[PDB]
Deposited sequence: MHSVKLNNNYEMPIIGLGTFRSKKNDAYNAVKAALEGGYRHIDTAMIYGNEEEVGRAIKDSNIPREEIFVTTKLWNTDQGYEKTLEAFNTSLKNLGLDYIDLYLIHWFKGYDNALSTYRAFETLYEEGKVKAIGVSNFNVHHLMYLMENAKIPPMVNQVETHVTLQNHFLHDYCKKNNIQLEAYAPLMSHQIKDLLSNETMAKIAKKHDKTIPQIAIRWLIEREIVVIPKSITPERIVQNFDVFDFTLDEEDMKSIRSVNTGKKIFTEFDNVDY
């Protein structure tokens, strides 16, 4: 399953996430042979070194695999972004990264000067798609109005208890592809796993609750990067293209939303 960005570049709707040794190598290599075409990392994770090797060791040609990495907050600013990218580039062992994102919002000025470097790199052909992460509406509005190459991706915490329909509709309207991280509610997964609504629907389609949660995002045309290093759940998280959810399912999952955000508030970041 592919999805078209506003620059007409296709992006795998399912991808492997990565987290902060050798475990990173375990996950990517197992994922690539499992069917994954999409790997999501960042400098802050500190696994870019590992992530890249795992993209060589099993020869699936480079242009068949979507690679995403992010610029950390302390590296915001034009020139600092240029070399933090190169460092991230050399760590991954590539000279082109499919998607480059601003990891967090650190001010309007810092965003534009960072994104300014994103654009010059985009012209040079070093990146294929540019976007942001943990950006809210007013954050995106500034990008739309003051940047030349409009944002393509907004990677935010999105799951069954924080479904982000308002933010999703804004992105779609402004041709921004919303990407969901922590789709299994991260360290609050037990809330998901113990949810009665999800379990019911899981029993219905002969699938696991995380598979429904992942499939649910697919139904909303949202790119999902479920985050595991455990070899065979990486298997299961990818096994969500043999069934479909109906209206009643989407209707039921809709009511699971609580609006209880797990990760730090968009405008309250200090790191």
Expected output for missing-CA ranges on the deposited sequence is 1, 22 to 23
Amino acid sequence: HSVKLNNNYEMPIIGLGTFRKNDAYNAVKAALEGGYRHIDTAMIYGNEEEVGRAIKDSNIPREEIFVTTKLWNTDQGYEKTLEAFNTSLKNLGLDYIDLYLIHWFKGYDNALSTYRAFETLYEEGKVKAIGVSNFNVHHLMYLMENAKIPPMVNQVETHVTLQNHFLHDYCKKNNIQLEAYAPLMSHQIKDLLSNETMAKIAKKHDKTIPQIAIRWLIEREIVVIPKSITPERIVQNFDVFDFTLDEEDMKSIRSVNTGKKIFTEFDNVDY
From here on, numbers count along this sequence of modelled residues.
Averaging C-alpha B-factors over each stretch, which comes out higher, 208 to 216 or 40 to 48? 40 to 48
Comparing 181 to 189 with 78 to 86, which has the greater mean CA B-factor as deposited? 78 to 86
From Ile60, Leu245, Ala202, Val224, pick the one with the largest CA B-factor in the entry? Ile60
Given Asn174, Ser133, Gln163, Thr120, the residue at which the Cα B factor reaches its maximum: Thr120
The third of the chain into which the C-alpha temperature factor of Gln155 falls is the lowest
Sort the modelled residues of this chain by their C-alpha B factor and say whether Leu5 lands in the lowest, middle or highest third. middle
Lowest, middle or highest third - CA B-factor, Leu167: lowest
Could you tell me which third, lowest, middle or highest, the C-alpha B-factor of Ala147 occupies within its chain? highest
Lowest, middle or highest third: where is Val256 by C-alpha B factor in its chain? lowest
